[PDB]
Structures are given as C-alpha cells and as structure tokens.
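Notes follow the structure.
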Amino acid sequence: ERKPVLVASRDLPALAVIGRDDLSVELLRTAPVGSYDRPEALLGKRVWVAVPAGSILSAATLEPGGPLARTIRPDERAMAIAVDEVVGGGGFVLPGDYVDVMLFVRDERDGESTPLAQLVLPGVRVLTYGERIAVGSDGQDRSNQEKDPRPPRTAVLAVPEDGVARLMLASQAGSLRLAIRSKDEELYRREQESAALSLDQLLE
Amino acid sequence: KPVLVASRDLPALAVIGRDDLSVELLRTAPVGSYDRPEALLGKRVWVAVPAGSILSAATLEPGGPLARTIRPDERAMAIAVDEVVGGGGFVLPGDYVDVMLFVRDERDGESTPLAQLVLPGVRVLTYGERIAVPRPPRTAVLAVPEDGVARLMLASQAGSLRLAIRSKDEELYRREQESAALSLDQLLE
Amino acid sequence: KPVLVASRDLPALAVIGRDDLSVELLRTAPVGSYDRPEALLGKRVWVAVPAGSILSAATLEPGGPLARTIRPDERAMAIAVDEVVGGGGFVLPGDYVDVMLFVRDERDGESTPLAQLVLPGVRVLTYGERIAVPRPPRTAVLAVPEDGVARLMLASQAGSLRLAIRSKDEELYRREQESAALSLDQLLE
C-alpha cells in the first residue's frame, strides 16, 4: 500500500558520491518510475547533476549529462551567442521565447564595400538568458540564483543541426540582433506535438 | 512538511483538478513545492508529469512579456536611444513615432549626405525600464511590421536614427484595433 | 619513536605482507615514515627497496588523475574557454560536445571567412576546477581520439573555437561502453 522511496537529506553538489548520510527513506502512496527502494542500490554511485534537498532520487540523475543537455532533443544543439541590451530586446527576453536572428555585415568581395542585412535563423527557442534556464521534461529548474545581479552577457539557443555552422559565421562576420515573435502563434504548443537588402534598395 | 504530489499521470497542457493532486507529509520540503491544494487549482502544467512526482517548476509559463504585446504579423525589436534621438526624454510607451535616417552614401567615390523616412507610425512598446503589459534610458523597443525588420537593422547600423512623435488626435490606436531622399543639393540651392 | 623498516630485499612492483616489514624504535622519526604495520599492508612499492631501509615515498603511486579517465586509443588535451565558448557556464563534466571553428583563410591574396565542424561527440573530462575521476573558469580538458589531436591544435590556434552541446537522449555514453565548409557567399544569397 504505502511504498518506500529514497530521497536526499541534504544538498548534494554536482559530481558527488553518495554515502549513507546523504540518503533518507520516506513512505508514500505512489512510487515514481525510476525511484529506488533500498539504500544499498545507491551507495557508491555518482550524481552527475546537483540534487536539491528533499528531491526524490531518480535513475536519470545517475547518468552522464548536464543542465543544458537535459532540455533539448536529439535533432538539436545548444550554442551560445554574445548579447547586450540592444541585441536582447532591452533585457526583456526570457527562456521559452521564440526569436528571429538578423545579421548585419559589410561585404568586401569585389574591391568595394557594401552594407547588408539578412535573416539567417527563423523561429528559434531561447534556452538561457543570463543566469536563467528553461525547464525540461524532468520538471526541475536549475537557474543559478545569486546575489549582486550583474547585467546579462550571454544567451543560449536551441539550433537545428543544419544551422549550427550558419550561426557561427553570423556571430563573427558581423553584428547580430534578435526579433521576438508573438505568443499567439503558439509555436510552443506546435513543437510539443531571405533575400538580402542593400543600401541602394533602401535609399530610393 | 506538507507537499503536493501528482496522483495520476498528467499529460502536457492539462488543467488541474482536485482529483489530480494529493498531499504527503515529508521531513524536508524542496524549493518550489506548494503546501495547500488550492494554490495549484486551475493552473496548467506545461510538461508531462509522471505519477507520484513532487509538483514544482512544471506549473511555470514559458515566455516573456514582450511576446504578449504584439500580433502574429509583427515583431519586437530594440534600437539605441539618447535624449536627442527620442523626444527629449518625453517619449512614453503607447506612442507612435516615425523613424528618420541620416547616412552618407559613399558610392562612385564621392560622399553625399542624405535624409529619408524609413518607417512611419511605429508603436513604442518599451522606453528604458518602462513597459505596459535615476539612470538615463539606453534602448527602446518598437513593434515593427514583419517586412520592415531588415530595413530597420540596416538603417540602425548604417547611419544615424531619429524619432518624430505623431499627434494623439490622429487616432492611430483605433485604426490598429479596427517620398524620395533629400540631399544637400536640394536644401542649399 | 616507532618507525617501519624493510626486512628483506623487496623487488619492484611487489605487494607488502607482514613478513617483509619490521619495527624499530628511533629517536627521530623522518618525515614520510609510517608508525604501524597495518598502514602499509596491501600497498605496493614502485621502486626497489633494499634491506634495512626506512620505508617512505616508495609506496606512492606515480601518476595523475587525468590518465585514469581515458582509454589507450584516446588522449587528453586542454582548450581555452570563456562563457561564450562553453555554453554560458552550464557545461559540466560528462557532457558530449561538438567543436566548431571560425577561420579567416588567406590563400590567393583575398581573405574568406569560413566555418566548419572539426570534432563531433567529444567527452568533457574537466571544466575549470571540476573533475570526475569563486573564480571564472579558464580551461576545459577534452578526451580526443588519437587521430584528431593535431586537428584540434591547428583549430585552436588558426582561429576561434566554439562548443555545441548534444542531447542526453542520444545515449552516447552507452555507445562508448559498446562536411563542406560554409562561406559568406552561401549565407548571403
């Protein structure tokens, strides 16, 4: 009726080895899939991600992976770009948003310089903005809560495999900016189931 | 000590009733846990929650505020602002502005100043640290039509931008909720 | 006072029993000496110890931690990282990464920026001050295949490097336990 489930009695850091002092036993009505019944099954194993106090010990916590790798899919990658207030919508971008990446470059191919602007990546989910991170299928938030809030300097995006190179070029060949997309498009729900413009065309 | 637990499997994008939740007494309560059942009644889970799991961080809406103030045919983008650029520090969110550009052409080996209007009637979504649904402002976020994002990027990076404020008596919010380039030759002579 | 000495000639790479040891009481005990016989039972001497010698520092493993985390067909190399390179400080040891390179290649008298994937699926052994055998991180150690070592070195010095994290659902750790470059012309078209 009331099954035993093992939980953490203290704040286990990342890359820690479990002893008998860290574990505790509790009696519940339902045992989650992935839980353990006796302390001897978990002794000597390594937790590969931080476990807050009181958390139910799970099998997936004892496998190689990081906070970023637990919030993506096998057909995506996670890469970071340098951001400021102008690039990131005045500091109003939070994880879960969908953005378009715009590039400004000054080509120097045929002995002459030409400013240009293009759209490189449409509809990209934002995983981290600053010290805040998204929530994966595990239902756990792993945002670094620290005092003295410094302005954000980096953001991590979920990029398809074919575009990881295209972003990298755009990050170093010129300047980047982010354009936010509307919430009424429901790109989040749907995922749970261009010609370059020159100054000659702009100036009449 | 009290902690909420999922009694059955809750699928993605599902509302919460009293049958779904249970209360269990644990020695330590994790960060993010909820005590009374009424605190999670009517809310929606955004990831799948297997049975018996402690409920936390799955009831938080993914997204930001800027995405809640535009329409599917618009985008939100930010530009750099100073006191000269935006209305002497008298521009507030909820206004309508025209974007003007000054650039030096640099074609055919002769430089030529120019001035031109790039985007008319754009709605201001944020002025510095001010949003609607003692430090000088540094940026402003506007709601651009989907065909004008590249134009604004090119204008912002190629030259200098200024904002011209439009009148309140034009009723540009009701209509929402239903040329050429001047050169120094034309000005001087 | 009590000090442990050897009773017979102990050859290299030999385990220690109760017959090989003796206890002698000396006025001064040198640094590195062991007081009780059970402190050295089961340990191994890594250099030859002649008879009557005071036992110290011959019972210490020669080696470091990194060499215990790789296989005969792999090597360990360090690369320089910042927050942009290493995913905003959310990369831990045990993760798998792809290495991407940006270089400005010059063979014709004209410079052409390029981007390319150098190494796919590389385990991360150490992130700064973190190992599985404050101050911002500066280096990260990777387990490279033996044929790719040189390929990393060039990429580390000829241009800029970035890391792309792979998903946990791919299950590359269980697997371990048993293209063309893109130029600015392709992007701007």
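Neighbour counts are summed over all protein chains in view; Cβ atoms, including those assigned to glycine, are modelled from backbone coordinates with ideal geometry. All of the numbers you see were taken from the coordinates with simple rules; none came from a lab.
The residues in the range C:2-30 that are part of a loop (DSSP other than H, G, I, E, B), within 14 Å of C:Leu60 (Cα to Cα) and not small (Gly, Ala, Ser) can be counted, and the count is 2. Of the numbered criteria (1) surrounded by 17 or more Cβ atoms within 10 Å (Cβ to Cβ); (2) at the interface with chain A (Cβ under 9 Å from one of its Cβ atoms), the one B:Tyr34 fails is (2). What number of residues within the range A:168-187 are within 7 Å of chain B (Cβ to nearest Cβ) and crowded, with 18+ Cβ neighbours inside 10 Å? Result for the range A:168-187: 6. For B:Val49, are the conditions met, namely being touching a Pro at 6+ places or on another chain (Cβ under 9 Å), loosely packed, with under 13 Cβ neighbours inside 10 Å and at the interface with another protein chain (Cβ under 7 Å from one of its Cβ atoms)? When the stated conditions are applied, B:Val49 does not pass them.
Residue check: A:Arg73 meets all listed conditions (1) touching a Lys or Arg at 6+ places or on another chain (Cβ under 9 Å); (2) assigned to a loop (DSSP other than H, G, I, E, B); (3) within 7 Å of another protein chain (Cβ to nearest Cβ) but one, namely (1). Of the residues making up the range B:31-60, those that are more than 30 Å from the chain's Cα centre (by Cα) and assigned to a strand (DSSP E or B) number 2. If you go through the range A:115-133 one residue at a time, do you hit one that is buried (at least 22 other Cβ atoms within 10 Å of the Cβ), within 10 Å of chain B (Cβ to nearest Cβ), under 17 Å from the mean Cα position of the chain (by Cα) and not charged (D, E, K, R)? Yes. Summed over the range C:65-84, residues that are part of a loop (DSSP other than H, G, I, E, B) and more than 8 Å from chain A (Cβ to nearest Cβ) total 8. Mind checking whether some residue in the range A:12-28 is more than 10 Å from chain B (Cβ to nearest Cβ), among the β-branched types (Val, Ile, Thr), closer than 30 Å to C:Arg175 by Cβ and surrounded by fewer than 19 Cβ atoms within 10 Å (Cβ to Cβ)? Taking every residue of the range A:12-28 in turn, at least one turns out to be more than 10 Å from chain B (Cβ to nearest Cβ), among the β-branched types (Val, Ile, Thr), closer than 30 Å to C:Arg175 by Cβ and surrounded by fewer than 19 Cβ atoms within 10 Å (Cβ to Cβ). Residue count for the range B:130-147, restricted to those that are surrounded by 19 or more Cβ atoms within 10 Å (Cβ to Cβ) and within 15 Å of A:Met102 (Cα to Cα): 1. Filtering the range B:7-24 to residues that are among the aliphatic types (A, V, I, L, M) and either more than 9 Å from chain A (Cβ to nearest Cβ) or touching a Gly at 6+ places or on another chain (Cβ under 7 Å) (or both) leaves B:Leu10, B:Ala14, B:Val15, B:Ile16, B:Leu21, B:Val23. The strands (runs of 3 or more DSSP E) falling completely within the range C:102-189 that include 1 or more residues that are of a type in the set (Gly, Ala, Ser), within 11 Å of chain A (Cβ to nearest Cβ) and within 30 Å of C:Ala67 (Cβ to Cβ) map to C:160-165.
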